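Okay, here we've got a single chain as structure tokens, the form deposited without the ligand, with questions on binding and movement later.
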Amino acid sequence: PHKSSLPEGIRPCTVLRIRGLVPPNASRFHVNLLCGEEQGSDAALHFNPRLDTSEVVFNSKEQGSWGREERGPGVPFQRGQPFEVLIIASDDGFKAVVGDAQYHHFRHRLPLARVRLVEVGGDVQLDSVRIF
């Protein structure tokens, strides 16, 4: 349940560096770009590695309802293995990088200038969260 508050939002070319360890029997974890600390706040990005189902789900949340799910190729995560993730906020969308390779491109659905908070949750052991 890590929260990084982002007053004045994030301007494009923002890099999110997420370093951590995947627990040995972890189910799934998530990184969300939300518009506020409130519960029903809109999710500009929902990045959801799911090891139980062996997938990685991208989505957004608007007006309390989830949008269409996108999925990337395979799972660049392993139970008991560390990981580094970049989330590059561009004009065209979000570039998710895992390890040394770009994993998926999630095109914008909500205005990027609405993101007010970064939340990291789930079965993840967080080492560091940096925003450049």
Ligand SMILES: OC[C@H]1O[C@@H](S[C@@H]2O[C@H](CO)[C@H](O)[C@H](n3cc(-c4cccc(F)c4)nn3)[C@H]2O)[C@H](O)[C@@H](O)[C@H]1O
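Quick note: we count residues from 1 along the sequence shown, nothing fancier.
- A summary of the deposited B-factors shows that, of 46-54 and 100-108, the stretch with the larger mean C-alpha value is 46-54.
- Once the C-alpha B-factors are averaged per stretch, 83-91 and 56-64 rank with 56-64 first.
- Of the candidates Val118, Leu21, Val15, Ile18, the one whose C-alpha carries the top B factor in the deposited record is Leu21.
- In the deposited entry, the Cα temperature factor of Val31 places it in the lowest third of its chain's modelled residues.
- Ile131: CA B factor lies in the lowest third for its chain, per the PDB record.
- Sort the modelled residues of the chain by CA B factor and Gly72 lands in the lowest third.
The following text describes the form deposited with the ligand bound, which does not appear among the structures shown.
- The contact with the ligand in the bound PDB entry, taken as any heavy atom within 4.5 Å, belongs to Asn48 out of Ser90, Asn48, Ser27, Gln102.
- Segments offered: 90-98, 74-82, 34-42, 61-69. Contacting the ligand in the bound PDB entry at heavy atom distances within 4.5 Å is 61-69.
- Under a 4.5 angstroms non-hydrogen atom cutoff, the ligand in the bound PDB entry has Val57 among its neighbouring residues.
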